[PDB]
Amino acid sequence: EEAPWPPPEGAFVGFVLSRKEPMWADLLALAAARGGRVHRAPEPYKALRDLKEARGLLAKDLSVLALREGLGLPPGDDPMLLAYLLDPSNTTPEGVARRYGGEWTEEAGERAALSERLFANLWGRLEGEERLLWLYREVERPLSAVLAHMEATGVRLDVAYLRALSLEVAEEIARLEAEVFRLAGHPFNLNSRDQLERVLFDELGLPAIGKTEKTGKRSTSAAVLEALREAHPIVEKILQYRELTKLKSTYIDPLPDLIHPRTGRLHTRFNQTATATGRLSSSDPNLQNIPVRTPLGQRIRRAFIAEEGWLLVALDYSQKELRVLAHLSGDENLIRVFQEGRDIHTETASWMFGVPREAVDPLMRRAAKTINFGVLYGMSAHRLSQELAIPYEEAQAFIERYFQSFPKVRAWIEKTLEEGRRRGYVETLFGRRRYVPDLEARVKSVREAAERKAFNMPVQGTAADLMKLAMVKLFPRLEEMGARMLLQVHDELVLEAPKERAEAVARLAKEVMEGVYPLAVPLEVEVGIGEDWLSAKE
């Protein structure tokens, strides 16, 4: 059992933080284990210097805290990553111990011993799983070191800008609230959907379309209000009000208060075992849902800036998941569109409408996007009729016309579900698996929900695999050029480069990303450079 600090080489680490965010955490305890023998650090911060590598459960979090302290402690093996590859429903140390053995406690020594035991257990289970092993060695394990650097680096925020924006938005919010109260004939809490439901459907007697899932209230969702956009002018004002309060409560107000005292920057967490499909997620705060789609929303992006003397480089894969779908399905028409360098959404609109290529306006292109994404998500003709604001039968017609233009997409969905029923799981191009139960359920709604999850995963997950692999390849090149990787948003990366290097970094990053893994179609990357995230989008 016990033995004196320091631990031997290759030992597994255990640690306890005062809070979940490693950039903010006090390191309460540090221990290590090897051969079941546990070493406990008398003083954790000092002991941190004695480690060569962070090897154990949640290795990346310890590495981030180390980098914060000025120490170069790279994360190595982590049983969480092995478990996540075996089955992406394995998302937490608590859950992994419960499933495979042992107990996740709040004591660093026990956590270190548990890390060692779970590693041996899960490594053995991956014996012979060559494609999952490749993902571990070539994507996930090296990716964790990249993520550690991204987290510790953080991103600079224009706090003064957001403070000013806050005053501006507040004035607009107050104006709209007054108008809404005027139309309703009395004040209420406009932020309470319960109070709004009564006002709209009981007091003003507007027709109530949909109901909410768990409790069966009359919905006030944007989708419901959209269809009432003329049944009363109060609805227009409510939707405007909601857009602004969303921006204010979620981004404008909270973000400026999260600037770190040492770095003077904002630090997110990139969670590596958090999704069913192999995507990353981001939290504390989430920087993967910064507004960008509307003019009002875009203003938030201006707040994300480069260090003095640096620039942001923003790179995004064009129509990434549709290119992946083209590769997986082998559809000749999809592949041809991308091969010919044509715009997939415009080619789709030309076919979905009266054509030709040149006659496709901005409205039609936006409609084609909606149809295309619908296909990816298996969205219903009802949902599509809502989004497009067209009759139900017209949305039905569009979905059928889609599969006429891209027939092998339908065949691919069927092949994917056929094999999924047989094997109990589906997989990405590189062999990342998701176990999807209920593919043969006897209740149609349950079965069909499982089907949509199952055929989407190889697309979403292959795209995630390719992005992760691109990050692993790109990081070392950026290091050699004195540049930094800051953010990933699924199909997009944001880098930071000294001004004099930015052009060279952008050129190299584009080539690394486009060439990450050749497919039946080219991967195209759009790149922009600017002093802020909005202006960088070029």
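Numbering starts at 1 and runs along the sequence shown.
In this entry, 7-15 shows the higher mean Cα temperature factor of the pair 7-15 and 20-28. Comparing 284-292 with 153-161, the stretch with the higher mean C-alpha B-factor in the PDB entry is 153-161. Residues shown: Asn333, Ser219, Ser144, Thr268. Highest C-alpha temperature factor in the entry: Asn333. Looking at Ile209, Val169, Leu135, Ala454, the one whose CA carries the top B-factor in the deposited record is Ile209. Annotation for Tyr317: CA B-factor lies in the lowest third of the chain's modelled residues. Per the deposited record, the Cα B-factor of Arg99 falls in the lowest third when ranked against the other modelled residues of its chain. Ranked by C-alpha B-factor against the other modelled residues of its chain, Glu69 falls in the middle third. For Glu480, the recorded CA B-factor ranks within the middle third of the chain. Only modelled residues enter the ranking. Per-chain ranking of the deposited C-alpha B factor places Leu48 in the highest third.
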